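# Observations on the three-dimensional arrangement
Given next are the chains, with one letter for each unit.
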Amino acid sequence: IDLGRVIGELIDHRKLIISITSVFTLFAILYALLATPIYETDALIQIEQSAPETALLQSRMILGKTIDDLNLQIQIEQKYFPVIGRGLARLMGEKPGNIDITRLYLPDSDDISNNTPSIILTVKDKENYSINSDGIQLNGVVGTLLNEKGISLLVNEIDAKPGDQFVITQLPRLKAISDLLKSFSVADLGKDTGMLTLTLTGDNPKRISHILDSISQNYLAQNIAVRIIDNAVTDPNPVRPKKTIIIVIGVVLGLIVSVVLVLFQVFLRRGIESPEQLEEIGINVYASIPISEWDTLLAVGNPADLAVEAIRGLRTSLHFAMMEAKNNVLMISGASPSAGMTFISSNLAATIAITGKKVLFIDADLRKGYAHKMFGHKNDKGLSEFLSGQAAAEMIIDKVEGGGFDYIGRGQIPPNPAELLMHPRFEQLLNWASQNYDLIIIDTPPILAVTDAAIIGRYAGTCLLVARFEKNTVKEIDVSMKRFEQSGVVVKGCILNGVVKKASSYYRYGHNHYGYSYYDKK
Amino acid sequence: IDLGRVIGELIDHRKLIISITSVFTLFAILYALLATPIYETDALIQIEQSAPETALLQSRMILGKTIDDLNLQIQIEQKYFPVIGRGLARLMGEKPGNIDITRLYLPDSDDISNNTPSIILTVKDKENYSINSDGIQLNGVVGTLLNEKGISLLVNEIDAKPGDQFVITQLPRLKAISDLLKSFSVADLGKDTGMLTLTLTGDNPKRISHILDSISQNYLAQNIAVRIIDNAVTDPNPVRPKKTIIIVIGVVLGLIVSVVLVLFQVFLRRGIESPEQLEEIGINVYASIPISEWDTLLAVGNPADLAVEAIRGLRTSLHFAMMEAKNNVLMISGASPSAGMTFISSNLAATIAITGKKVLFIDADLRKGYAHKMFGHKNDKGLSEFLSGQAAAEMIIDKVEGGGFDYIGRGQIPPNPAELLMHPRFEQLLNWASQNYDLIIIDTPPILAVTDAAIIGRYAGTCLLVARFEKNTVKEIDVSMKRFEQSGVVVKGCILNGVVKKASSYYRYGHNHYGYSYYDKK
Amino acid sequence: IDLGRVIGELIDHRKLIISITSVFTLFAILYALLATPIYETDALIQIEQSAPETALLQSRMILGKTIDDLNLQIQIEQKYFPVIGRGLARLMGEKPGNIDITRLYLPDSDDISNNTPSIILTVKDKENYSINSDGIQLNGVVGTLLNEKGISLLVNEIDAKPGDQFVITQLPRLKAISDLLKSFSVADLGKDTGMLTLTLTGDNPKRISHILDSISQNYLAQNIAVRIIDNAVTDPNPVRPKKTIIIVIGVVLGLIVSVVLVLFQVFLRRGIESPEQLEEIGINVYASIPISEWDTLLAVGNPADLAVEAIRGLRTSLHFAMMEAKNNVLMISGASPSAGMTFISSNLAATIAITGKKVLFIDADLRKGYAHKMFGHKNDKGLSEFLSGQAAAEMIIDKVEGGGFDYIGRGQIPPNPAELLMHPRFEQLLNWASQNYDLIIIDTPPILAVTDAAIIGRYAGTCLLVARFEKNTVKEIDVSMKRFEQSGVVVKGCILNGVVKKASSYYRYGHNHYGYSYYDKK
Ligand SMILES: Nc1ncnc2c1ncn2[C@@H]1O[C@H](COP(=O)(O)OP(=O)(O)O)[C@@H](O)[C@H]1O
Ligand SMILES: Nc1ncnc2c1ncn2[C@@H]1O[C@H](COP(=O)(O)OP(=O)(O)O)[C@@H](O)[C@H]1O
Ligand SMILES: Nc1ncnc2c1ncn2[C@@H]1O[C@H](COP(=O)(O)OP(=O)(O)O)[C@@H](O)[C@H]1O
Ligand SMILES: [Mg+2]
Ligand SMILES: [Mg+2]
Ligand SMILES: [Mg+2]
């Protein structure tokens, strides 16, 4: 592999790369926009050391005093049903509702796990509200305290709109301290000075400055039984999420994932990429048929199609290869099913019919042949009924309507297709048809599926394999040609079918083998 | 690759390199000239330690006192509509207008995001002015304070010209402190001495020295309840942008981008670079035709053209290659469209006509042939009308006016061009024309587009391919020659068309294959 | 490449190397002699620490006091129109004029950029002088102060010669301080001692010691409200420019530039260097003709020339190669123009004429042939007039005066030279001339220019190519020989022309192929 190879692979997989990268960037952007902004407040403390003062600031004695002063054990969260409802509500300009609770005593279930009892407060208006802990509905009003059902709650100054819910948790005093201690940090900022930089983070920019002021004043009033230089103010710019590093990592992570997936698909693919791969093995490729993006015969529906043009090139290559053949019978087979044997043989039969030749197309796929459906059919009396003796050769030949050639359909699907083709009647039909037609094209099942074509190929002067572009492997076509040779069938060459335009072929080989459009646009 | 290869590539891509480099240097120069110059003022403080004094200088207590003294929360910016209007106005010698505001109270919208209310002051004259916050126009005069619409503003000493606008922002006190703290730095300069070096940066050289003097005097007056050695003066030479490092990086970055683009285009190109590439494969190249920089026949319009000289060299190479041929019919085809098959075949036909030979040019491109337009046409009765039987051979032959040879045009575009050429009439026309002409040149469509030339090439004694210089690949011409051989058409050789002078060919190979001019200048 | 190869290349490019090196050394010497000598004065200060004393010495308070005492804001520079006039005036022994100004007040334009107003003082005599700021001429006298036009100036003791000009700048007080601070340094020299080493640099050796004395005394008088051990004295030997390191770098930089240029020219050259390169390809080289440093025939003007001796060696090699040829016609062509085809063919014709043979020289370069000018001409009735039928073969043959052979000139330049040569008259002329002459030498245009020689070479029994020594490439001659072979012309071999003596050929190959002089000196 070299620069051109990898660049051609990147150009070919550009939809995959762009889609995976854009999905990663979309997820990164949705996280950067929906993650809750976390602010930071800081204060400056003057110490007259400061290493023992750091551990006393972060102690449950000092921090516990702040929890008691500000009631930090009353956790109130706006109710949002999804994990993103909070972020998007912030984007819609909705100001988050906040309710001020000064007294809260829950019944304190204190069961095996839920040591944090919780209720749900649904705002009804500016004055009154509702409560439902476990379905028990209780109406409350701002002002008048509530002492019912073993639930004490005092809600002051509901600042929200009606209909909003709030989860009100009464978390234990240590849990309130541990939460504060996790977001609260102390530093020295000079490592020698009597300066302490207390920082505190949180989602509420006003609350965290009230907490850091409480921590400073409590540590101040406790120390005298020290100077507060800068009282706590909140930096209005959130510190998290850092949107730029998140989106940048989303782009970069999306690219390296796109690149390793493309790198895997390139090192794992085994199918044919160009006719050169088949010709390295000594297999003559007589045509490379592109995918026609356009029960119809393509050579009849769209004669100017790029695949019909490639099949005309096969018609002229075959006129030169089928000379010096024993008979005018051409068998078209392949390795795998749905490689294009019926597409190619029937469209080849149509392009040889317009040149004024008498062509017979035999649907010798007694298993899955559908050519009668593709040509318009009097389905009775096909090749099955003839081979089993219950039809004459004249009653099975039928004309393709928009075609120009006759065809024999497969008939009713026999139970013994490979043994019907071994009948001496099949060689009699070909010996008869080889006198009334200039060319007989026999469509057969694939050889790596069944053995029918090795039986039929005994009576064909020319046999061509159809290789599917990315679906077949070089070894698959080489195994197919040698299974024919082992049964006495000489394969003249191959027809590469289903080629698509690929920049990697243009860089790996000099040619993409696709073909040019050549028409006067009018 | 070696030194000569890379140097030839650099010489060939010199326009690309020079343009990309000059674009990068132009952008670097425009940034270095339009970026606002940022100055630096410094002061020297004597401390009787200095590590705790550094953190007290950068504290919101000291810095907040300077914001209050100098009203640094009143942000005034000259109004410039583009992101470069400020820089270019400085280059035009325009002195920036400044207005002195001593009292500012905005209505303090304080909405979800815009915590910084703003108004726009449009100077009317030296004395009075206008104000428009959200369209509300208010007229104000220097001196008399304004208390209207909840907007307090006192503008003193408007120093500007009429028509100038100014954005007047009332940013919060912490935002004014954070802005000052970002540009204000303290150092010790001895790490032991009682010397503090206070530096401050900003776009206004006079203002930043007034701020650094305020910071020093406030920190001085606060410390007594210390010596100021050097009061703040501004270095008149801006510290940013550093123009030399910016332009130098612009040149260097522009070169390495130009070099990687050239390095990519060289490793990615696959087209033919010299006839040697075709002859490594065993393809005879009979001529290398340069691009003629000069509906005309080049061999008639400019007989002395360098491409007509190269085509004469082909005329003499063909006189030697077309001997021992079955007939006097020469087919000219190629791999891709617009490779020069019509240019070469028609100009070859013109250079063989001046030598006194009877030449017939057949436009056998029944799809996109335009030779009738290039020769002057009685468009009726071309090769289509003849092949379909509705025209006699005598009615289709026409004379090129300034030519010297006859031609058969393509006729009306048939619906079945490849099947018309298979008619036995085509071989009858050639067998007839091969008796009335010394040479028949057949122009055909490209073989990797359609199969027409493989049909026509059966009746031509000589077949030449035209390869386009950089557009075709060696593999494309090798695939073309083998598609002819598979249909029984022997390609004598190739004609490299469209060669351009390239220094890389002169270093990679010994020869650029372009050709010399040889005329007496008069 | 090995030692001999690189040494031969260095010997061959010795003029380039010596010139580039000498240019670099000349520039280095001119800089070392014309750069202004910058002196250094130093003082020793005793401190009773010294780290805070260093920053107080370099402060705008101490340094500003020295600027005020010595009026260092009055910048006076001798006026020299070029950027080197000052340096060369020092070399001519001219003592620099100096004027003592004690009072200077300029009108202080203080515009957008020029904050440093300037005037130009032109000395008229020892007593009076002139002033011109912006064309305003003012006459002043030493002693009497000048207060006119808003310009205060007091010039004392003009020490210069009449006619000298001086630029007198009044730079701002900070600019005077910043200039002093840039050249003034303080060190400790023991890192513990109370010793300070004040150094100061400048172009004036007396002034910088007066400044460093002022800085010491000001810092002394300020410190008491410390000992000066060594008062400032100037080292009379300038510290800059360091001439030896500059000239040495000039030599070394000049050599490495000379070496990389030679290294590039060697790796980039593609032309022929020795006949061995042509014989590696299988091309017979029949002679190597040196450049004759001597409208004349060299073989006639200077028969003893080294190139005529090499052409005699070709005459004897051709007598052996032209046997077994179909006719006595020798065609001389080449790849490129001005390779020496006319020089060689005409001088070969002259050296074969002195051997008593009848030689015909045909100037078959109908495009740019000048042989008639080189032989003395009756220009009418050349080969053009004959080929076009308007002249008989007898009327076109003419005798070379100092030659000994006949010649046919090209005639009037035809519009169709390549088509005139295809006339059957050309072969009739050669068949006629081949009976009346022992040898016919045909001079032709170059084959990579036009196709004329491939037409002419059909009727020549022997064809030789002339290769130019450094101008042609091996591939160019190989492409030329194969373009002849493709047109049925067999090239017997090549003639290497224009060889020059090169030491690189003697080391790369064993031989330089130049030839020896062999004559008896009298
Ligand atoms: N080059 C092609 N372009 C467009 N469609 C194609 C091409 N080759 C095959 N197909 C389509 O793919 C399908 C499977 O191909 P088919 O010929 O029926 O397979 P099989 O080899 O088993 O006979 C068909 O519907 C066929 O029309
Ligand atoms: N060597 C050339 N110099 C200048 N123009 C050229 C040269 N070769 C082709 N062209 C021009 O490029 C265009 C396409 O070439 P053309 O001969 O018409 O293509 P095609 O191979 O399909 O017949 C034409 O207009 C032709 O005149
Ligand atoms: N070996 C040589 N020594 C000196 N001069 C030479 C030599 N070869 C060529 N020249 C001169 O260089 C010039 C060009 O050579 P010329 O023979 O006229 O070129 P051309 O190959 O086109 O006929 C002539 O003036 C010729 O005299
Ligand atoms: Mg099928
Ligand atoms: Mg064409
Ligand atoms: Mg010449």
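Residues numbered from 1 in each chain as written, not as in the entry; some residues may be left out. Chains lettered and ligands numbered in written order. Part of a larger assembly, values for the part shown. Heavy atoms only, no water.

Its PDB header names cryo-EM as the technique used to obtain the model and reports a resolution of 2.6 Å.

## Overview of helix 4 (residues 60-70) of chain B
For the record, the criterion: Accessibility here uses a 1.4 Å probe with only protein chains present; expressed as a share of the type maximum, an area under 20% marks a residue as buried, one over 50% as exposed, and anything in between as partly exposed. Each helix corresponds to a stretch of at least 4 residues labelled H or I by DSSP, and each strand to a stretch of at least 2 residues labelled E; elements are numbered beginning at the N terminus. In this analysis, two residues are considered to be in contact whenever any of their non-hydrogen atoms come within 4.5 Å of each other.
Looking at helix 4 of chain B, one finds that the buried residues are B:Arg60, B:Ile62, B:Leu63, B:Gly64, B:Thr66 and B:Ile67. Tucked inside the fold, the buried residues of helix 4 of chain B contact strand 1 (38-46) and strand 12 (227-240) of chain A together with helix 3 (51-57), helix 6 (173-183), strand 10 (184-187) and helix 7 (205-223) of chain B.

## Let's talk about the interface of chain B and chain A
Rules: Accessible area that two parts lose when put together, evaluated with a 1.4 Å probe and summed over both, is termed the buried area. Salt bridge, as used here: a side-chain nitrogen of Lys or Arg that lies within 4 Å of a carboxyl oxygen of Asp or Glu. A 3.5 Å cut-off defines polar contacts: any pair of N or O atoms within that distance qualifies, except that in protein one atom must be a possible hydrogen donor and the other a possible acceptor, and neighbouring residues in sequence count only when both atoms are side-chain atoms. The residue classification treats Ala, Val, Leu, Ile, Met, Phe, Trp, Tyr, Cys and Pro as nonpolar and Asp, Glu, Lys and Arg as charged. All others, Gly included, are polar.
At the interface, 43 residues of chain B touch 41 residues of chain A. Taking both partners together, chain B and chain A bury about 3,600 Å²; carbon and sulfur atoms supply 60% of that area. The largest contributions to the chain B side of the interface with chain A come from B:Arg60, B:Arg270 and B:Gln486, which together make up 19% of the buried area. At the junction of chain B with chain A, the criterion picks out six salt bridges. For the pair chain B and chain A, the number of links is 17 residue pairs in polar contact. Secondary-structure elements contributing two or more residues to the side of chain B that touches chain A are helix 3, helix 4, helix 8 (243-268), helix 16 (417-420), helix 18 (452-456) and helix 19 (474-485) of chain B. Each residue belonging to the side of chain B that touches chain A can be placed in one class, and the counts come to 23 nonpolar, nine polar and eleven charged.

## Looking at the pairing of strand 8 (residues 151-159) of chain A
All names here are of chain A. We count it as follows: At least two DSSP bridges between two strands are needed for those strands to be called paired.
Relative to strand 8, strand 3 (residues 98-105) runs antiparallel, the two sharing six bridges. Across the sheet, residue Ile 101 finds its bridge partner in strand 8, namely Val 155. In the sheet, strand 7 (residues 146-148) pairs with strand 8 via three bridges, with the strands oriented antiparallel. Of the residues in strand 8, the one forming a bridge with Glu 148 is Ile 151. In textbook terms, the turn of a hairpin is the stretch between consecutive antiparallel strands, and for strand 7 and strand 8 this stretch comprises two residues, one of which, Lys 149, has a positive phi near 55 degrees.

## Describing the sheet that holds strand 10 of chain B
All names here are of chain B. Stated precisely, the cut-off is as follows: Lines fitted to C-alpha atoms define the axes, with helix axes restricted to the stretch in contact, and inter-axis angles between N-to-C directions lie between 0 and 180 degrees.
On the basis of which strands lie adjacent, the open sheet formed by four strands has the order 10-11-1-12 and antiparallel pairing. If you trace the sheet from one side to the other, it starts and ends with strand 10 and strand 12 (227-240), each paired once. Across this sheet, the average inter-strand angle for adjacent strands is 20 degrees, counted without regard to direction. Where strand 1 (residues 38-46) and strand 11 (residues 195-202) come together, eight bridges link them in antiparallel fashion. Residue pairing for strand 11: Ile 45 is matched across the bridge by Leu 196.

## Observations regarding the environment of B:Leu56
Among the secondary structure elements, B:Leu56 is positioned in helix 3. The spatial distance from the C-alpha of B:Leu56 to the C-alpha of B:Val167 is 33 Å, given a sequence separation of 111 residues. When residues no more than four places from it in sequence are discounted, the contact partners of B:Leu56 are A:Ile229, B:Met61, B:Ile62, B:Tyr219 and B:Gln222.

## Here's the deal with the site of ligand 3
Residue and element names in this part refer to chain C. The following threshold applies: Being near a molecule or strand, for a residue, means having at least one of its heavy atoms within 4 Å of it. The protein chains shown are the only cover counted for residues, whose accessible areas, like all others here, come from Shrake-Rupley with a 1.4 Å probe.
In the neighbourhood of ligand 3, 14 residues make up the surrounding shell, with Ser 338, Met 341, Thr 342, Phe 343 and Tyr 370 lying closest. Residue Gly 340 places a main-chain N or O atom 3.0 Å away from an oxygen atom belonging to ligand 3. The protein chains hide 75% of the 560 Å² of surface that ligand 3 would expose on its own. Within the residue set of the shell around ligand 3, elements represented by two or more residues are helix 12 (341-353) and strand 20 (493-499). Residues of the shell around ligand 3, tallied by class, amount to seven nonpolar, six polar and one charged.

## Examining the packing of helix 11 (residues 306-321) of chain A against helix 12 (residues 341-353) of chain A
All names here are of chain A. To be explicit about the condition: Oblique is the label for any angle not covered by the other classes, which are roughly parallel (under 35 degrees), roughly antiparallel (over 145) and roughly perpendicular (65 to 115).
Direction vectors running N to C along helix 11 and helix 12 enclose 75 degrees, while the axes themselves pass 9 Å from each other. Judged by the angle between their axes, helix 11 and helix 12 are roughly perpendicular. Of the residues in helix 12, those touching helix 11 at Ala 307, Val 308, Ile 311, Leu 314, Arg 315 and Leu 318 are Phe 343, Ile 344, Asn 347, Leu 348, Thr 351 and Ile 352. Class assignment of the residues belonging to the contact of helix 11 with helix 12 gives a composition of nine nonpolar, two polar and one charged.

## Points about the UniProt feature "binding site: Mg(2+) 2" (unreviewed entry) in chain A
Residue and element names in this part refer to chain A. To be explicit about the condition: UniProt positions are given in the numbering used here, feature names are shortened, and annotations may be inferred rather than shown by experiment.
The feature "binding site: Mg(2+) 2" (unreviewed entry), as annotated in UniProt, sits at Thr 342, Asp 365 and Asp 443 in this numbering. For the annotated residues, spread through 102 residues, the largest C-alpha to C-alpha distance comes to 9.4 Å, consistent with a single compact locus. Mapped onto the elements of the fold, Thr 342 is located in helix 12. When sequence neighbours within four positions are dropped, the list of residues in contact with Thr 342 reads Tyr 370, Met 374 and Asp 443. Summarising the element assignment, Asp 365 is placed in the loop between strand 15 (359-363) and helix 13 (371-375). Among residues more than four places away in sequence, those in contact with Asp 365 are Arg 410, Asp 443, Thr 444 and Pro 445.

## Points about the packing of aromatic side chains
Short version of the rule: When the centres of two rings from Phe, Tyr and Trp lie within 6.5 Å, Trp using its six-membered ring, the rings pair. Their planes under 30 degrees apart give stacked, over 60 give edge-to-face, and anything left gives tilted. We call a charge positioned above a ring when the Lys NZ or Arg CZ atom is no farther than 6 Å from the ring centre and deviates by at most 35 degrees from the ring normal.
Taken as a whole, this structure holds 15 aromatic pairs over all chains when the rule is applied. When the centroid spacing of 5.6 Å and the interplanar angle of 90 degrees are considered together, the rings of A:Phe375 and A:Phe405 count as edge-to-face. Of the two residues, A:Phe375 sits in helix 13 while A:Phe405 sits in the loop between strand 16 (397-399) and strand 17 (406-408), which places them 30 residues apart along the sequence. Given a relative accessible area of 1%, A:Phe405 falls into the buried group. Between C:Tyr506 and C:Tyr507, the ring centres sit 5.1 Å apart and the planes meet at 80 degrees, which makes this aromatic pair edge-to-face. Three or more aromatic residues link up through ring pairs in this structure, and these residues are A:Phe361, A:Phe375, A:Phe405 and A:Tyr407. One cation-aromatic arrangement involves B:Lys368 over A:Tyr518; the distance from NZ or CZ to the ring centre is 5.1 Å.

## With respect to the pairing of strand 13 (residues 285-290) of chain A
Residues and elements named next belong to chain A. Counting buried positions along strand 13 gives six out of six residues, so the element sits mostly inside the fold. Judged from the five bridges that link them, strand 13 and strand 20 (residues 493-499) form a sheet pairing that is parallel. Looking at the pairing, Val 285 lines up with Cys 494 of strand 20.

## Remarks on the state of the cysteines
Condition: Any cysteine sulfur atom paired with another within 2.5 Å is treated as part of a disulfide.
Counted by the stated rule, this structure contains zero disulfides over all chains. In this model A:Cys463 remains outside any disulfide bridge; the closest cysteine sulfur is found in A:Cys494, 13 Å from its own.

## Regarding the site of ligand 2
Residues and elements named next belong to chain B. The environment of ligand 2 is made up of 14 residues, and the closest members are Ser 338, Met 341, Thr 342, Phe 343 and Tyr 370. Within the contact set of ligand 2, an oxygen atom lies 2.6 Å away from a side-chain nitrogen or oxygen of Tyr 370. Surface burial for ligand 2 is 75%, taken as the share of its 550 Å² of free accessible area covered by protein chains. Looking at the shell around ligand 2, the elements that each hand over two or more residues are helix 12 (341-353) and strand 20 (493-499). Tallying contributions element by element places helix 12 first for the shell around ligand 2, with three residues. Each residue belonging to the shell around ligand 2 can be placed in one class, and the counts come to seven nonpolar, six polar and one charged.

## Here we look at the pattern of salt bridges
Counted under the stated rule, the structure contains 48 salt bridges over all chains. Between A:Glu9 and A:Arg269 there is a salt bridge, with the nearest N and O atoms lying 2.4 Å from each other. Ionic pairing is found between C:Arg508 and C:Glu273, a salt bridge with its closest N-O pair at 2.6 Å. On the basis of relative accessibility, which here comes to 39%, the residue C:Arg508 falls in the partly exposed class. Exposure remark for C:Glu273: the relative accessible area of 10% places this residue in the buried category. Each member of the salt-bridge network shares a partner with another, and the members are A:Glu309, A:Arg312, A:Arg315, B:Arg367, B:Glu419 and B:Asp452.

## Observations concerning the packing of helix 2 (residues 14-34) of chain B against helix 8 of chain B
Residues and elements named next belong to chain B. Defined as follows: Each crossing gets its handedness from the near helix: less than a right angle anticlockwise from the far helix is left-handed, clockwise is right-handed.
Contact pair helix 2 / helix 8: the axes reach a minimum separation of 8 Å and the direction vectors enclose 155 degrees. Accordingly, the angle class assigned to the pair helix 2 and helix 8 is roughly antiparallel. Crossing of helix 2 against helix 8: the hand is right-handed. Residue composition of the contact of helix 2 with helix 8, by class: 17 nonpolar, six polar and one charged.

## Describing the sheet that holds strand 1 of chain A
Two pairing modes exist for strands in a sheet, parallel and antiparallel, and in both the strands are linked by backbone hydrogen bonds. Residue and element names in this part refer to chain A. One open sheet holds the four strands; their spatial order is 10-11-1-12, and the pairing between them is antiparallel. Each end of this open sheet is capped by a strand with a single partner; those strands are strand 10 (184-187) and strand 12. Between one strand and the next, the sheet's axes are offset by a mean angle of 20 degrees, whatever the strand orientation. Sheet topology places strand 1 next to strand 12; seven bridges connect them, and they run antiparallel.

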